[PDB]
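Observations on the model geometry
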Amino acid sequence: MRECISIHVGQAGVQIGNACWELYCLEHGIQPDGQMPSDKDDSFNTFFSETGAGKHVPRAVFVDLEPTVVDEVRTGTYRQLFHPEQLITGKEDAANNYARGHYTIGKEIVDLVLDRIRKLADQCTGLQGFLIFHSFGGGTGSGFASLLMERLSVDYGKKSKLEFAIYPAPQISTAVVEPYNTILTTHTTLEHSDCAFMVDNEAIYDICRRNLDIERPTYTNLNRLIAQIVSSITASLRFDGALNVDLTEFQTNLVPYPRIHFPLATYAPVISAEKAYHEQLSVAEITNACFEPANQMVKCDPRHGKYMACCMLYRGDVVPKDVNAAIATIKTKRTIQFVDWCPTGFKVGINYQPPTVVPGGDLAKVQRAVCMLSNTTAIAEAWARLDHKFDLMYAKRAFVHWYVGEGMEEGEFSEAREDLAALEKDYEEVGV
Amino acid sequence: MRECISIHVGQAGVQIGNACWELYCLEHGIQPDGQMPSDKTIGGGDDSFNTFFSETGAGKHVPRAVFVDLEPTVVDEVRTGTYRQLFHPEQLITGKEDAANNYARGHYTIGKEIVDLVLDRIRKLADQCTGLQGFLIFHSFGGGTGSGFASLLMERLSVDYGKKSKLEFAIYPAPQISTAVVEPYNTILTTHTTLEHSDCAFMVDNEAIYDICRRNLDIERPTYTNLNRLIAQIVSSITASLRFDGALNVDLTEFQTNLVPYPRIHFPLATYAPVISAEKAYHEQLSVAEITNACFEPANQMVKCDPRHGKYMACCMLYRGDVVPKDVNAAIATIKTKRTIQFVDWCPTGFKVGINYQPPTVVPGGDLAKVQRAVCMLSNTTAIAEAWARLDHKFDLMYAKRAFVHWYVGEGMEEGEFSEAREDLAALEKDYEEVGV
Amino acid sequence: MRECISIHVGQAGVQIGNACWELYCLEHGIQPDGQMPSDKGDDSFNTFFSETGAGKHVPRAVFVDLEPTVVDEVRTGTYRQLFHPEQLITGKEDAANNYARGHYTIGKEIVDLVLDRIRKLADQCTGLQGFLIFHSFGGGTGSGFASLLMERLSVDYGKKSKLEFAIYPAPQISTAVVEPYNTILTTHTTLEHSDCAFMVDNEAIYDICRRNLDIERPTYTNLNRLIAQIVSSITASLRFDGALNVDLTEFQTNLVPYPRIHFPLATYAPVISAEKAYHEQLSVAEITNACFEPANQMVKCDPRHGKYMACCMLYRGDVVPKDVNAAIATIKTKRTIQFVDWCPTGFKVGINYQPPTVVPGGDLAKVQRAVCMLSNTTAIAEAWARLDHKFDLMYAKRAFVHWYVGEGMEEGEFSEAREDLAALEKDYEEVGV
Amino acid sequence: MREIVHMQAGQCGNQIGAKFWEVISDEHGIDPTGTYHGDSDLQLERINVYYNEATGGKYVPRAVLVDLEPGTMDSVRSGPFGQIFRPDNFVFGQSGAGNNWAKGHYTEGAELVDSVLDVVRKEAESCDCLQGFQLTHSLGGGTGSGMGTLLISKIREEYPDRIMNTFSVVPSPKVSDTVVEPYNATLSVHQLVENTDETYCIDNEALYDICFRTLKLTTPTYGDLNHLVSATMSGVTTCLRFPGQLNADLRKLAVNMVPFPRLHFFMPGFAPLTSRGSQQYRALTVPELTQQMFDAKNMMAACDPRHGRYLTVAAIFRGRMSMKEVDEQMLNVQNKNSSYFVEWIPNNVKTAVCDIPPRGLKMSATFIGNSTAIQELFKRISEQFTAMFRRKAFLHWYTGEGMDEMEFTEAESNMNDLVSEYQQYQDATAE
Amino acid sequence: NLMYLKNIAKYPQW
Amino acid sequence: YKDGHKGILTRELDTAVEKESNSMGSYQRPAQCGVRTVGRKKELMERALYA
Ligand SMILES: Nc1nc2c(ncn2[C@@H]2O[C@H](COP(=O)(O)OP(=O)(O)OP(=O)(O)O)[C@@H](O)[C@H]2O)c(=O)[nH]1
Ligand SMILES: Nc1nc2c(ncn2[C@@H]2O[C@H](COP(=O)(O)OP(=O)(O)OP(=O)(O)O)[C@@H](O)[C@H]2O)c(=O)[nH]1
Ligand SMILES: Nc1nc2c(ncn2[C@@H]2O[C@H](COP(=O)(O)OP(=O)(O)OP(=O)(O)O)[C@@H](O)[C@H]2O)c(=O)[nH]1
Ligand SMILES: Nc1nc2c(ncn2[C@@H]2O[C@H](COP(=O)(O)OP(=O)(O)O)[C@@H](O)[C@H]2O)c(=O)[nH]1
Ligand SMILES: [Mg+2]
Ligand SMILES: [Mg+2]
Ligand SMILES: [Mg+2]
């Protein structure tokens, strides 16, 4: 009954969707053609809808403005799983341009996208949330997801609009107008989003290089680990457990003030199958593994900021006794700084379902797992980094004629800079 | 005993007859030679075919079709086709020359001597029947035999048979797609002379069935065979209640009295759901709510006029398959909650619901998927006034310069017939406006 | 009662008046003969018309200029019998884009006769609300003669509210070279005698008609139609009944802080294409947001660089005061709509029941709701700054001054106008700080 | 389903495109007779970007071969992959441009241009979503430098939205080449500034240096030069042609590489590049590919990039590689050569990854560079222009076939403004 | 022609 | 040699062309082991008593 609908927008979103729907099919025992294998349940209802003959189509919309990636999804092994209309593709992309993805090309696609969202939400009784997977890098991400969230905020009401973002690195960059796209998206999704889980490709590279022992990793590994994150988020909506934390009140237990919906993330039974079973992974061990600056999803040191609230989602044979024995030992550390106005700053949810290993991946089939989500003040450094880069280019009119000529008032950049400056002041007056 | 006579006239009517008699044969198990197959023993006699066929005593099921056209090509193709044994030889009425896209040539000339033959054939097919319910007359508004001869035949049938339900299935001209330049003249004249004789006139646009087959069927190049098969599905969903059991059966007379408010607003809009292909029917649930919500979608109509520019007056749902009146009423409640679907103020209960138990039958070699439930939407909207206005605008432009009038005048139509038809459709538009307000 | 005199001076004023009186007749349905349609308690036309005898409503307007042919389309057109022939005042030689020519010369021979016709209209006026003076700041008879009429009416009629509809010179899309001279020469002599001046340029209306109307060839005609819709949304409450009715005597005291800051900015919403209106029923909160967007402004001046002083909301149609309250609350909670500190409460709403009237053959569509926001923002100092900078680098090497000197204006009035507008800039800076 | 239409103009353009349609037919499995002798479905997945479907299994290149002479057109028709072109888009004159910009632009080059636009209009309206236009020509020639720029102007007037890239061969710094070389180069680049979206400057002596030193070929050969240029274009358009981890089409490259509109003069590169006898001796790792890419002696426009700063760098990698190594390699080169990049734009590197290498190679990588070092090219061209403009030499031909001193000075001042803005953006600091 | 070159140049120098 | 030199870019003008992209090479059919962790007689008795 607790359905949840996913919008994978952008090439990054489509690839992460291809990873996470593989993970969801593995978790719920769904073959790639959409069938259960014989019989030997309702946990598939949050992500799949049973047709009537035995076929389970997903509650996903894969939209991208350029071809070949939706086409590669259509050609790949998950071909008969997806409905043909929910794989929306365009002709010409935005080509790393917020103006192109928001004002010119995205206008003739958003109508069909909203029609598909209307059909999927009408085929839902008790919809919980919208999981929007996009990249802040630019194009079909930064701009078209902004337009989609604006239209969703106009159409729907208090429905949850959780986003997953591929927020850029301090050093690693595969684009030049990336700070422009990020600063123009964090202006317009800041009044339209509910929880923004930002991950950083450089940090995932360090995680899979140091912990998973892969010196030659790729986007497949990155998207599979992000898939593990989002599966740990949505496991409470589908699997029963000791304490269930759903999306409608995760926001209530996480974000204190409305424009601070920027938590980090951490998955930390992240060890390869070679090391794996020599170790004795316990609740306390994975808790101090999560409370580690080197294990975070974003290249920002949490030791430079305070923790406002945290939410741990445990999975497997985990018990509340060592859960709240571990969080007390966490609270009695000098390094883990907490803000003064939140004495009780932990919310945990224990789920009985063990994680599902991917046969072809790199995680070990562990008995227990934990997903930390912390609303820290260390993301203000990342905001300051993008604001410095934006000022450094925008001081001398770099790369602005593309946006202006494809149709955008020049004051939009100034308004976005004002909004991010106000966000920095919000984080500063929270931290003090 | 439940009996209905199909009169196909014009090339469009004959080809639609080709596409629907194959569907009737598939539904009633008649293999194309006109005989029931062997090893067909069953209790009850399987006597559901009397609405379309008539058993002869030797196992041969001759149909009740009045295939007629003025030019021998398409009718002779039917005569030499696979249903050559099936159709009676004195039923494919053919002429020497066509009316040549001319209402006057179809209504006052060479059209008017096969009238007695076709009326004698309708008379024989009528007193063969015992419980005759309606005449389904299939033609096109493009012109020629489909307009002039159809109009004159309906004029003769009105004074020959009385208050029998003469249902019309007409190919209305598309707003942009066209085949003839005298289509406005022919359509104005035939609508003026059949406004007082028809009972319900189901018009369909070729362009509308074109983009339905382009979008929903997901095939790039359909043609008239596919369009006529879809129209055949429409007629089968209309007439299934006279031959199959149902929880709520709606025959033609109950249908007409629950559809038309006044005896000039008798131009309903047809819609079918689902019209989906197999590769997407394997994915979609296709429940009652989905098939009802697909009917009110403006681009899913069969006449190129969106119903958002108007008001619903009376709707008729004809479901087929494993559908329940509870789910039907839930769908009706959802439709009445929908803001863009607005009903007229003088009709609170503007819905006529009818369920038939028999699921729709798919044609082998067709493109429609094997679905277990379906719905036929038959609405009465005042949004057809736009189509009437476009046709009137084209007629005014063509009659301002008196182009093509000499053909009609020479073939025999009086010049004042154009003025009378113009005033009649102006009155019809005024009636639509005063009903809508 | 509650009569109002319209004075259209210059070619732009005459064409705006043509569109305006067409809209007025279609609102108060009156045939071009001036009769009534045989009667389908209604004296609602009495604000702008006068019943003379047996159904001969003549407009309370003066079409005055110095150059012919342009009142002659009115004299020879479809509205040839509506206007009283003495109101249609023409001349023989044009002022020809010269403020000194229109002020200290040939405009002197027409001011007495146009003042006589103004007096004859005001004698029939039993409770005159004020004058609506329609012109352009481009130059000539719309500049000099309008300024002279403003001076003479301020001398004669006392306070007698004198709302001044003006076509401000558009920033880039422009057609005259002596506009930086003529506009500042008008403002220097109109600043003390006018009470509230609606300036609306041409380039912003061109952008509005390009974007919202979805059309590629609008001419001056539907520009004047939009200006007619603006003036109808202004003076609709004096002729139609509504929940809140605002006259031409409170608009000044609600948007004029000091007796120099009287230059508000008029916006309209929802301006919509006739071919595209059925898609969505446009809501009150949305159309207030559309007024407050920095793209629907009818002057090319983005208000995001100037704090608002006060606003008049002018809801018209199917508007509900709860929708008004919610819309103004959302606008106040928005951050890019920053108001000035000394004016914490900064609105005045007026709700009228009569919906706007669509003109057949026009570009707009029938809407059940509309609103005409007018804000007296501080952003217009940038338009004054660019006007003064044009005037400075044009008057640097004494360009085109000899024409004005030969016409009669000496050298000192240019410097006086420049220093007066510089004092106006200093007043805006002192208010904004 | 984006479409690129190719527009070989001039002898140089025709000879280069004859090798271009060889490389992107052997990368798609298309034989000279026009059928599909391929194995993977990835070759037929996106073959419509360059090939119109013909009757049967035939595929016809979407290219308009334009020349004012029949000689090189007959050579293209007689050579390999010469029977693959349609025998309708063979538009050719009967007089010749005589290596004259005036004869190409205001003479019979403007007479055949009506038929050229007719053919281009037909081959562009026979599409569904045109990406744009690809013009191959030489700046120091006739109809390539003249009528080619006229064709650019007409197409930019007709379709001012789609991409239009010009792989222009720039005249050499040394030797002499043509005698009206810098007049033609001047009058071509003056129309290249305000009409094209991106221009790839290719230098024959840079190609000679690469062929003699890296490939160690005793005979340099125009066929080898055109093969290098063709491989560069294939590496440019491989993101449209084949899928990958991180796609970046021509418009994305233009967005990420063109900061200001009159700064679209690029310096191309393609550096899987070794001598033929040492190919099996050398590894093909990502850092070594990056090392060969970021080299001044591998550059293909002369104009030594150490003599200035890079505005932007674009790198398109065709192979089955790791994004971690690619990102750390660009981070490493940016941190090492920090003084050779503009500080006011951080992270001056655009990354594209297409996981289909060309046939034979296992990992290729191509290089595009927008830098201030290209200002030396226009400085030299303006130097010879003013040197033979102060003496009034070889201007009588231009005045005879129509055009004269004032637009000569317009072109010269246009390059002076271009050089000055390149120098300004080289020497501009942050704060 | 040098004075015309310096007259029509957007960024004149030397 | 006017057409060019064979090789020059790659020596092996052979071996056809590779057919596998990254997503189709990685996101394959997930194979599961059938190593019988439960027991044949326990399985059979479970299904029999369940039925
Ligand atoms: N984690 C992860 N990030 C990806 C992946 N693919 C692309 N990205 C990110 O996406 C950014 C590039 O922008 P895109 O997301 O591809 O742009 P887009 O959303 O496709 O829109 P366009 O630019 O118009 O094509 C890079 O900075 C990457 O960090 C992926 O598979 N996994
Ligand atoms: N939907 C559909 N329409 C058809 C079909 N065949 C013909 N038409 C319509 O018929 C019109 C052409 O005029 P016809 O109906 O053939 O004329 P006619 O009835 O044969 O009479 P004559 O003109 O004398 O031959 C076209 O505009 C079509 O819309 C068909 O198979 N399906
Ligand atoms: N909105 C609008 N503005 C107009 C119209 N006609 C002229 N204008 C404006 O008027 C300016 C030119 O000044 P005019 O009003 O025509 O001059 P004038 O009042 O007739 O006086 P003279 O210049 O001496 O003829 C132009 O810059 C236009 O912007 C019109 O029909 N509508
Ligand atoms: N790279 C390359 N350059 C060439 C080729 N053919 C000619 N060129 C160059 O083009 C210049 C002459 O251009 P030209 O062919 O006369 O142009 P056209 O008159 O338009 O045909 C010479 O300086 C050559 O260096 C070729 O096959 N490859
Ligand atoms: Mg992309
Ligand atoms: Mg026929
Ligand atoms: Mg005038």
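Method information in the entry identifies cryo-EM as the source of the structure, with 3.3 Å recorded as the resolution.

This part takes up the overall build of chain D. Scanning chain D for helices and strands turns up 15 helices and ten strands. At 21 Å, chain D has a C-alpha radius of gyration in line with the 22 Å of a compact globule built from 431 residues. With respect to the principal axes defined by its C-alpha atoms, chain D has extents near 65 × 60 × 45 Å. Classification of the 431 residues of chain D by burial places 67% in the buried group. For chain D, the accessible surface area stands at approximately 14,400 Å², while carbon and sulfur atoms represent 51% of it. For chain D, the distance from the average position of its 37 positive side-chain charges to the average position of its 53 negative side-chain charges is 6 Å.

On to the site of ligand 2, then. Residue and element names in this part refer to chain B. Close to ligand 2 lie 21 residues; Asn101, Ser140, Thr145, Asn206 and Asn228 are nearest. A distance of 3.2 Å is found between an oxygen atom of ligand 2 and a backbone nitrogen or oxygen belonging to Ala99. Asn228 has a polar side-chain atom sitting 2.5 Å from a nitrogen atom of ligand 2. Residue assignment for the shell around ligand 2 shows that the elements contributing at least two residues are α1 (10-27) and α8 (224-239). Ranked by the residues each element gives to the shell around ligand 2, the list is headed by α1, at four residues. Of the residues in the shell around ligand 2, the class split is six nonpolar, twelve polar and three charged.

Another point: the packing of helix α1 (residues 10-27) of chain C against helix α8 (residues 220-234) of chain C. Residues and elements named next belong to chain C. Taken N-terminus to C-terminus, the directions of α1 and α8 make an angle of 55 degrees; their axes are 8 Å apart at the nearest point. What the angle tells us is that α1 and α8 run oblique. Pair α1 / α8 crosses with right-handed handedness. Residues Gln15, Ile16, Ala19, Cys20, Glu22, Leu23, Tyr24 and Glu27 of α1 touch α8, and the partners they reach there are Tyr220, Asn224, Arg225, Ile227, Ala228, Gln229, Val231 and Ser232. When the residues that make up the contact of α1 with α8 are grouped by side-chain class, the tally is nine nonpolar, four polar and three charged.

As a rule of thumb, nonpolar side chains are buried together in soluble globular proteins. By size, the foremost hydrophobic cluster in this structure holds 235 residues, and its most contacted members are A:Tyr180, A:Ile379, D:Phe317, D:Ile374 and D:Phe378. If sequence neighbours within four positions are ignored, A:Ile379 has contacts with A:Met198, A:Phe262, A:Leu264, A:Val298, A:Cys300 and A:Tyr427. Core analysis: the second largest hydrophobic core is formed by 58 residues, C:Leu82, C:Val231, C:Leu248 and C:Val359 among them.

This part takes up helix α5 (residues 144-157) of chain C. All names here are of chain C. A rise of 1.5 Å per residue sets the reference length of α5, with its 14 residues, at 20 Å; its end C-alpha atoms lie 20 Å apart and thus fit the reference within 8%. All buried positions along α5 are accounted for by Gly144, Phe145, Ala146, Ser147, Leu148, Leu149, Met150, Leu153 and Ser154. Downstream of α5 by a residue or two, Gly158 has a phi angle that is positive, lying close to 75 degrees.

Attention now moves to the pairing of strand β12 (residues 368-376) of chain A. Residues and elements named next belong to chain A. For β12, the tally of buried residues reaches nine of nine residues, placing the bulk of the element in the interior. Here β12 shows no split at all, with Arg368, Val370, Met372, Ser374 and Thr376 on one side and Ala369, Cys371, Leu373 and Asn375 on the other all buried. Here two bridges tie strand β9 (residues 266-267) to β12, and the two strands are oriented antiparallel to one another. Bridge pairing in β12 links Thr266 to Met372. One ladder, built from nine bridges, connects strand β10 (residues 307-316) with β12; its direction is antiparallel. By the bridge assignment for β12, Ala309 is matched with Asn375.

For the rest of this paragraph, the subject is the packing of aromatic side chains. Enumeration over the complete set of coordinates arrives at 94 aromatic pairs over all chains. The rings of A:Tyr180, A:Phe390, A:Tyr394, A:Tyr403 and A:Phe413 are connected pair by pair, giving a single aromatic cluster. Lying over the aromatic face of C:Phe339, C:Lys332 brings its terminal NZ or CZ to 4.6 Å of the ring centre. Positioned over the ring face of C:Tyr395 is C:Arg398, at 4.3 Å from the centre of the ring.

Bringing the arrangement of the chains into the picture now. The pair of protein chains exhibiting the most contacts, out of seven pairs of chains in contact, is chains A and D. Chain C makes no contact with chain D; the smallest distance between any of their C-alpha atoms is 18 Å. Over all C-alpha pairs, chain B and chain F never come within contact, reaching a minimum spacing of 20 Å.

Residues and elements named next belong to chain C. What surrounds ligand 3 is a group of 20 residues, the closest being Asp94, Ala96, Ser136, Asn202 and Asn224. For ligand 3, an oxygen atom lies 2.9 Å from a polar atom in the side chain of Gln15. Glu179 places a polar side-chain atom, nitrogen or oxygen, 3.2 Å from an oxygen atom of ligand 3. Against a free-state accessible area of 640 Å², the protein chains account for coverage of 90% of ligand 3. Elements with a minimum of two residues in the shell around ligand 3: α1 and α8. Counting residues per element, the shell around ligand 3 draws most heavily on α1, which supplies four residues. Residues belonging to the shell around ligand 3 are distributed by class as follows: six nonpolar, twelve polar and two charged.

Our next topic: the sheet that holds strand β10 (residues 312-321) of chain B. Residue and element names in this part refer to chain B. Reading across from one edge, β9-β12-β10-β11 is the order of the four strands in this open sheet, with mixed pairing throughout. Two strands bound the open sheet, and with one partner strand each, they are β9 (269-273) and β11 (351-356). Sheet twist, expressed as the mean angle between neighbouring strand axes with direction ignored, is 15 degrees. Note: β10 against β11, six bridges, orientation parallel. Within β11, the residue paired with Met317 across the bridge is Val353. Against the sheet, helix α9 (residues 252-259) contacts β10, β11 and β12 (373-381), and its axis sits at roughly 150 degrees relative to β10.

Calculation notes
Residues numbered from 1 in each chain as written, not as in the entry; some residues may be left out. Chains lettered and ligands numbered in written order. Part of a larger assembly, values for the part shown. Heavy atoms only, no water. Residues with missing side-chain atoms left out of burial classes, pairs and counts. Helix = DSSP H or I, 4+ residues; strand = E, 2+ residues; numbered from the N terminus. Rg over C-alpha atoms; globule rule 2.2 N^0.38 Å. Buried < 20%, exposed > 50% of the residue type's maximum accessible area, 1.4 Å probe, protein only. Areas by Shrake-Rupley, 256 points an atom, 1.4 Å probe, with all protein chains shown as cover. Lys, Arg positive; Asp, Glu negative; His and termini not counted. Charge placed at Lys NZ, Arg CZ, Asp CG, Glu CD. Near = heavy atom within 4 Å. Polar contact = N/O pair within 3.5 Å; in protein donor to acceptor, adjacent residues only side chain to side chain. Nonpolar A, V, L, I, M, F, W, Y, C, P; charged D, E, K, R; others polar. Axes fitted to C-alpha atoms, helices over the stretch in contact; angles between N-to-C directions. Parallel < 35°, antiparallel > 145°, perpendicular 65-115°, else oblique. Left-handed = near helix turned anticlockwise from the far one by under 90°. Contact = heavy atoms within 4.5 Å. Core = buried A, V, L, I, M, F, W, Y, C linked by side-chain atoms within 4.5 Å. Expected span 1.5 Å × (residues − 1). Pairing = 2+ DSSP bridges. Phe/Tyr/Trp six-rings, centres within 6.5 Å; stacked < 30°, edge-to-face > 60°. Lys NZ or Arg CZ within 6 Å of the ring centre and 35° of its normal.

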